[PDB]
Each structure stands twice: as structure tokens, then as C-alpha cells.
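Trainee: Handing over coords.txt, compact mmCIF, N, CA and C atoms and all ligand atoms.
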# COMPACT_ATOMS: atom_id res chain seq x y z
N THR A 23 -75.64 163.32 -49.22
CA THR A 23 -75.95 161.90 -49.31
C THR A 23 -76.00 161.43 -50.76
N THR A 24 -76.61 160.26 -50.97
CA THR A 24 -76.66 159.65 -52.29
C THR A 24 -77.81 158.65 -52.34
N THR A 25 -78.21 158.32 -53.57
CA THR A 25 -79.22 157.31 -53.83
C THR A 25 -78.58 156.17 -54.61
N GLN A 26 -79.28 155.05 -54.69
CA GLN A 26 -78.76 153.85 -55.33
C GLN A 26 -79.81 153.24 -56.26
N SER A 27 -80.39 154.07 -57.12
CA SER A 27 -81.38 153.60 -58.07
C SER A 27 -80.72 152.73 -59.15
N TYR A 28 -81.52 151.85 -59.74
CA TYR A 28 -81.05 150.90 -60.74
C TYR A 28 -81.70 151.22 -62.09
N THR A 29 -80.90 151.15 -63.15
CA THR A 29 -81.37 151.37 -64.52
C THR A 29 -80.71 150.34 -65.43
N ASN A 30 -80.94 150.51 -66.73
CA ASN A 30 -80.40 149.61 -67.75
C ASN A 30 -79.30 150.31 -68.55
N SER A 31 -78.31 149.52 -68.97
CA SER A 31 -77.17 150.05 -69.70
C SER A 31 -77.33 149.96 -71.21
N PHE A 32 -78.19 149.07 -71.69
CA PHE A 32 -78.42 148.88 -73.13
C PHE A 32 -77.07 148.56 -73.79
N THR A 33 -76.92 148.93 -75.06
CA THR A 33 -75.67 148.72 -75.79
C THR A 33 -74.74 149.87 -75.46
N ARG A 34 -73.85 149.65 -74.50
CA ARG A 34 -72.99 150.71 -74.01
C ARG A 34 -71.79 150.09 -73.30
N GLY A 35 -70.65 150.76 -73.38
CA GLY A 35 -69.47 150.31 -72.67
C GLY A 35 -68.62 149.34 -73.46
N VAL A 36 -68.34 149.69 -74.71
CA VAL A 36 -67.50 148.89 -75.59
C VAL A 36 -66.30 149.73 -75.99
N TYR A 37 -65.11 149.19 -75.68
CA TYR A 37 -63.86 149.93 -75.97
C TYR A 37 -62.99 149.11 -76.92
N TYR A 38 -62.06 149.78 -77.61
CA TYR A 38 -61.13 149.11 -78.50
C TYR A 38 -60.25 148.16 -77.70
N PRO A 39 -60.38 146.85 -77.88
CA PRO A 39 -59.57 145.92 -77.07
C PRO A 39 -58.08 146.11 -77.25
N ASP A 40 -57.64 146.47 -78.45
CA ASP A 40 -56.22 146.72 -78.68
C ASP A 40 -56.08 147.91 -79.62
N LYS A 41 -54.89 148.12 -80.18
CA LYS A 41 -54.59 149.30 -80.98
C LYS A 41 -54.33 148.94 -82.44
N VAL A 42 -55.09 148.01 -83.00
CA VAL A 42 -54.89 147.54 -84.36
C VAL A 42 -56.03 148.06 -85.23
N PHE A 43 -55.68 148.88 -86.22
CA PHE A 43 -56.67 149.38 -87.16
C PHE A 43 -57.29 148.24 -87.94
N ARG A 44 -58.61 148.28 -88.07
CA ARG A 44 -59.35 147.26 -88.78
C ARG A 44 -60.52 147.92 -89.50
N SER A 45 -60.82 147.44 -90.70
CA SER A 45 -61.89 148.03 -91.49
C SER A 45 -62.59 146.95 -92.30
N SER A 46 -63.90 147.12 -92.48
CA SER A 46 -64.72 146.20 -93.26
C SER A 46 -64.54 144.77 -92.77
N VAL B 534 -37.66 153.84 -97.64
CA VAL B 534 -37.76 153.66 -99.08
C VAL B 534 -39.10 153.02 -99.39
N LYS B 535 -39.89 153.67 -100.23
CA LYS B 535 -41.21 153.19 -100.61
C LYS B 535 -41.18 152.61 -102.02
N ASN B 536 -42.22 151.83 -102.33
CA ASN B 536 -42.38 151.23 -103.65
C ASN B 536 -41.18 150.36 -104.02
N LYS B 537 -40.64 149.67 -103.01
CA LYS B 537 -39.48 148.77 -103.23
C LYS B 537 -39.54 147.65 -102.19
N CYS B 538 -39.49 146.38 -102.63
CA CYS B 538 -39.46 145.27 -101.65
C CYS B 538 -38.28 145.50 -100.70
N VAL B 539 -38.54 145.48 -99.39
CA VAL B 539 -37.46 145.80 -98.41
C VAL B 539 -37.77 145.16 -97.06
N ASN B 540 -36.78 144.53 -96.42
CA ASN B 540 -36.98 143.97 -95.09
C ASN B 540 -37.20 145.12 -94.11
N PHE B 541 -38.27 145.03 -93.32
CA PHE B 541 -38.60 146.06 -92.34
C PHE B 541 -38.48 145.50 -90.93
N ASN B 542 -38.11 146.37 -90.00
CA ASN B 542 -38.04 146.06 -88.58
C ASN B 542 -38.72 147.16 -87.77
N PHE B 543 -39.96 147.47 -88.14
CA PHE B 543 -40.70 148.56 -87.52
C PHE B 543 -40.98 148.27 -86.06
N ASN B 544 -40.27 148.95 -85.16
CA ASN B 544 -40.49 148.85 -83.72
C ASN B 544 -40.47 147.40 -83.24
N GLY B 545 -39.59 146.60 -83.85
CA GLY B 545 -39.45 145.21 -83.50
C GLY B 545 -40.34 144.25 -84.26
N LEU B 546 -41.03 144.71 -85.30
CA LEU B 546 -41.90 143.84 -86.10
C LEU B 546 -41.19 143.51 -87.40
N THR B 547 -40.46 142.40 -87.40
CA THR B 547 -39.61 142.02 -88.52
C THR B 547 -40.44 141.41 -89.64
N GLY B 548 -40.11 141.78 -90.87
CA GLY B 548 -40.79 141.23 -92.03
C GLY B 548 -40.17 141.77 -93.30
N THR B 549 -40.82 141.47 -94.44
CA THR B 549 -40.34 141.99 -95.75
C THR B 549 -41.55 142.36 -96.61
N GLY B 550 -41.39 143.32 -97.52
CA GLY B 550 -42.50 143.69 -98.43
C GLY B 550 -42.36 145.09 -98.99
N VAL B 551 -43.41 145.59 -99.64
CA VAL B 551 -43.36 146.94 -100.28
C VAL B 551 -44.13 147.94 -99.41
N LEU B 552 -43.49 149.06 -99.06
CA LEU B 552 -44.16 150.09 -98.27
C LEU B 552 -44.56 151.25 -99.18
N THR B 553 -45.56 152.00 -98.74
CA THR B 553 -46.02 153.17 -99.49
C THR B 553 -46.89 154.03 -98.58
N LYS B 554 -47.22 155.22 -99.06
CA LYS B 554 -48.19 156.09 -98.42
C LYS B 554 -49.59 155.47 -98.48
N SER B 555 -50.42 155.87 -97.52
CA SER B 555 -51.79 155.38 -97.42
C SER B 555 -52.72 156.52 -97.04
N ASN B 556 -53.99 156.34 -97.38
CA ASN B 556 -55.05 157.25 -96.97
C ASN B 556 -55.92 156.63 -95.88
N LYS B 557 -55.30 155.86 -94.99
CA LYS B 557 -56.02 155.27 -93.87
C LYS B 557 -56.43 156.35 -92.87
N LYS B 558 -57.29 155.96 -91.94
CA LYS B 558 -57.80 156.90 -90.95
C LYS B 558 -57.40 156.46 -89.55
N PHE B 559 -56.12 156.13 -89.37
CA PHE B 559 -55.59 155.69 -88.09
C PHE B 559 -56.01 156.62 -86.96
N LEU B 560 -56.70 156.07 -85.97
CA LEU B 560 -56.99 156.83 -84.77
C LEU B 560 -55.70 157.09 -84.00
N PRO B 561 -55.67 158.13 -83.16
CA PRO B 561 -54.41 158.51 -82.52
C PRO B 561 -53.74 157.39 -81.74
N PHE B 562 -54.50 156.52 -81.07
CA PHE B 562 -53.88 155.43 -80.34
C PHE B 562 -53.51 154.26 -81.24
N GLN B 563 -54.06 154.20 -82.46
CA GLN B 563 -53.81 153.06 -83.33
C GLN B 563 -52.33 152.97 -83.69
N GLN B 564 -51.81 151.75 -83.70
CA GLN B 564 -50.39 151.56 -83.99
C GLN B 564 -50.17 150.54 -85.10
N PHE B 565 -51.01 149.53 -85.18
CA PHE B 565 -50.82 148.42 -86.10
C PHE B 565 -51.97 148.34 -87.09
N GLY B 566 -51.83 147.43 -88.05
CA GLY B 566 -52.90 147.12 -88.97
C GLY B 566 -53.03 145.61 -89.11
N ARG B 567 -54.20 145.19 -89.58
CA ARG B 567 -54.48 143.77 -89.71
C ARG B 567 -55.67 143.60 -90.65
N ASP B 568 -56.05 142.34 -90.86
CA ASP B 568 -57.22 141.98 -91.65
C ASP B 568 -57.91 140.83 -90.93
N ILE B 569 -59.06 140.41 -91.44
CA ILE B 569 -59.85 139.33 -90.86
C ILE B 569 -59.02 138.05 -90.73
N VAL B 570 -57.84 138.02 -91.36
CA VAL B 570 -56.93 136.90 -91.25
C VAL B 570 -55.86 137.12 -90.19
N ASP B 571 -55.85 138.28 -89.54
CA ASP B 571 -54.91 138.59 -88.46
C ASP B 571 -53.46 138.48 -88.93
N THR B 572 -53.11 139.34 -89.88
CA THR B 572 -51.73 139.49 -90.35
C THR B 572 -51.42 140.98 -90.43
N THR B 573 -50.20 141.36 -90.04
CA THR B 573 -49.82 142.77 -89.99
C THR B 573 -49.90 143.39 -91.37
N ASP B 574 -50.75 144.40 -91.52
CA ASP B 574 -51.02 145.02 -92.82
C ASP B 574 -50.46 146.43 -92.92
N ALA B 575 -50.65 147.24 -91.89
CA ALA B 575 -50.15 148.61 -91.89
C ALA B 575 -49.48 148.92 -90.57
N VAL B 576 -48.30 149.53 -90.63
CA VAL B 576 -47.54 149.89 -89.45
C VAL B 576 -47.26 151.39 -89.49
N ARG B 577 -47.63 152.08 -88.41
CA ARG B 577 -47.40 153.51 -88.32
C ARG B 577 -45.92 153.79 -88.09
N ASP B 578 -45.38 154.76 -88.82
CA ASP B 578 -43.96 155.07 -88.70
C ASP B 578 -43.69 155.71 -87.35
N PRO B 579 -42.78 155.16 -86.54
CA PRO B 579 -42.49 155.78 -85.24
C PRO B 579 -41.93 157.18 -85.34
N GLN B 580 -41.16 157.50 -86.38
CA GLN B 580 -40.46 158.77 -86.47
C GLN B 580 -41.06 159.73 -87.49
N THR B 581 -42.11 159.31 -88.20
CA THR B 581 -42.84 160.22 -89.08
C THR B 581 -44.35 160.20 -88.86
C1 LIG C 1 -37.44 163.00 -83.95
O1 LIG C 1 -36.39 163.78 -83.38
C2 LIG C 1 -35.90 164.81 -84.25
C3 LIG C 1 -34.75 165.48 -83.53
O2 LIG C 1 -35.07 165.74 -82.16
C4 LIG C 1 -37.02 165.78 -84.60
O3 LIG C 1 -36.55 166.74 -85.54
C5 LIG C 1 -38.21 165.03 -85.19
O4 LIG C 1 -39.30 165.92 -85.39
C6 LIG C 1 -38.64 163.91 -84.25
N1 LIG C 1 -39.74 163.15 -84.83
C7 LIG C 1 -40.80 162.77 -84.12
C8 LIG C 1 -41.85 162.00 -84.87
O5 LIG C 1 -40.92 163.04 -82.93
Please re-express this file's structure in C-alpha cells.

Mentor:
Amino acid sequence: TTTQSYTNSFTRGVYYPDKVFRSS
Amino acid sequence: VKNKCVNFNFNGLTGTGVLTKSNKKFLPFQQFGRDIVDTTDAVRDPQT
């Protein structure tokens, strides 16, 4: 079986939107 | 040809300017370069 508990994600789940190098 | 103004057509990105080696840290998926002004700054060589 499985459970369906709820938690918080905080600052998480950010990916590079595209493939362009960027700095500063 | 580096260190010489030259029209480039890198993978369909037409332009002109001076190319050279860089010490950038391009991640493996990275392909292009830009600045806060959104202009193509660095292009990874397809064949090197
Ligand atoms: C391009 O192809 C040539 C001949 O197959 C090979 O010698 C060279 O390493 C290749 N370059 C890349 C970046 O795959």
C-alpha cells in the first residue's frame, strides 16, 4: 500500500529554463 | 580562425566578430552564451 502525507517543498525544484550560459 | 574579425554561421547563428579561446565553465548541456542584455556572447563549437 501507500500513504499520502503532506509536507513542504521550500526552495526546491528549479531547473535551467534553456541552455544559455550566463554569469554574474 | 581566431583573433580575426570573421562572419560566423555557427549552427545557423549568423553574425560577425572576433573569436578566441575562453576559460568559461560551460555545463555539458550548455550551447549558447548571453548577457543581461540578451545578445549571443559565446557559442560552443559543434565540431570541437
Ligand atoms: C567529427 O568527425 C570526425 C570524423 O568522423 C572525427 O575525427 C571528429 O572527432 C568528430 N568531432 C566531433 C566533435 O565529434

Trainee: Please return, as a PDB file with N, CA and C atoms, in the frame of the given file, all residues of chain B lying within 7 Å of chain A when only N, CA and C atoms are considered.

Mentor:
ATOM      1  N   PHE B 559     -56.120 156.130 -89.370  1.00  0.00           N
ATOM      2  CA  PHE B 559     -55.590 155.690 -88.090  1.00  0.00           C
ATOM      3  C   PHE B 559     -56.010 156.620 -86.960  1.00  0.00           C
ATOM      4  N   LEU B 560     -56.700 156.070 -85.970  1.00  0.00           N
ATOM      5  CA  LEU B 560     -56.990 156.830 -84.770  1.00  0.00           C
ATOM      6  C   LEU B 560     -55.700 157.090 -84.000  1.00  0.00           C
ATOM      7  N   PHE B 562     -54.500 156.520 -81.070  1.00  0.00           N
ATOM      8  CA  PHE B 562     -53.880 155.430 -80.340  1.00  0.00           C
ATOM      9  C   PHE B 562     -53.510 154.260 -81.240  1.00  0.00           C
ATOM     10  N   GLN B 563     -54.060 154.200 -82.460  1.00  0.00           N
ATOM     11  CA  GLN B 563     -53.810 153.060 -83.330  1.00  0.00           C
ATOM     12  C   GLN B 563     -52.330 152.970 -83.690  1.00  0.00           C
ATOM     13  N   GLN B 564     -51.810 151.750 -83.700  1.00  0.00           N
ATOM     14  CA  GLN B 564     -50.390 151.560 -83.990  1.00  0.00           C
ATOM     15  C   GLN B 564     -50.170 150.540 -85.100  1.00  0.00           C
ATOM     16  N   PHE B 565     -51.010 149.530 -85.180  1.00  0.00           N
ATOM     17  CA  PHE B 565     -50.820 148.420 -86.100  1.00  0.00           C
ATOM     18  C   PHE B 565     -51.970 148.340 -87.090  1.00  0.00           C
ATOM     19  N   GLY B 566     -51.830 147.430 -88.050  1.00  0.00           N
ATOM     20  CA  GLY B 566     -52.900 147.120 -88.970  1.00  0.00           C
ATOM     21  C   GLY B 566     -53.030 145.610 -89.110  1.00  0.00           C
ATOM     22  N   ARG B 567     -54.200 145.190 -89.580  1.00  0.00           N
ATOM     23  CA  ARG B 567     -54.480 143.770 -89.710  1.00  0.00           C
ATOM     24  C   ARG B 567     -55.670 143.600 -90.650  1.00  0.00           C
ATOM     25  N   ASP B 568     -56.050 142.340 -90.860  1.00  0.00           N
ATOM     26  CA  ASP B 568     -57.220 141.980 -91.650  1.00  0.00           C
ATOM     27  C   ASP B 568     -57.910 140.830 -90.930  1.00  0.00           C
TER      28      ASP B 568
END

Trainee: Atom N of residue B:551 and atom CA of residue B:539, how far apart in Å?

Mentor: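 Atom N of residue B:551 lies 6.1 Å from atom CA of residue B:539.
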
Trainee: If you count only N, CA and C atoms and all ligand atoms, which residues end up within 6.5 Å of ligand LIG 1 (chain C), as a PDB file with N, CA and C atoms, in the frame of the given file?

Mentor:
ATOM      1  N   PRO B 579     -42.780 155.160 -86.540  1.00  0.00           N
ATOM      2  CA  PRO B 579     -42.490 155.780 -85.240  1.00  0.00           C
ATOM      3  C   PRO B 579     -41.930 157.180 -85.340  1.00  0.00           C
ATOM      4  N   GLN B 580     -41.160 157.500 -86.380  1.00  0.00           N
ATOM      5  CA  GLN B 580     -40.460 158.770 -86.470  1.00  0.00           C
ATOM      6  C   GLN B 580     -41.060 159.730 -87.490  1.00  0.00           C
ATOM      7  N   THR B 581     -42.110 159.310 -88.200  1.00  0.00           N
ATOM      8  CA  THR B 581     -42.840 160.220 -89.080  1.00  0.00           C
ATOM      9  C   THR B 581     -44.350 160.200 -88.860  1.00  0.00           C
TER      10      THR B 581
END

Trainee: So the first atom is atom C of residue B:552 and the second is atom C of residue B:569; what is the distance between them in Å, to one decimal place?

Mentor: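 About the pair atom C of residue B:552 and atom C of residue B:569: they are 21.3 Å apart.
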
Trainee: Do you have the atom CA of residue B:543-atom CA of residue B:577 distance handy?

Mentor: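 Those two atoms sit 8.4 Å apart.
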
Trainee: Would you compute an axis-aligned box for stretch 560-569 of chain B, covering every atom listed for it in the file with 5 Å of margin on each side, and report centre and edge lengths in Å to one decimal as lines of an AutoDock Vina configuration file?

Mentor:
center_x = -55.0
center_y = 148.3
center_z = -86.0
size_x = 19.7
size_y = 30.5
size_z = 21.3
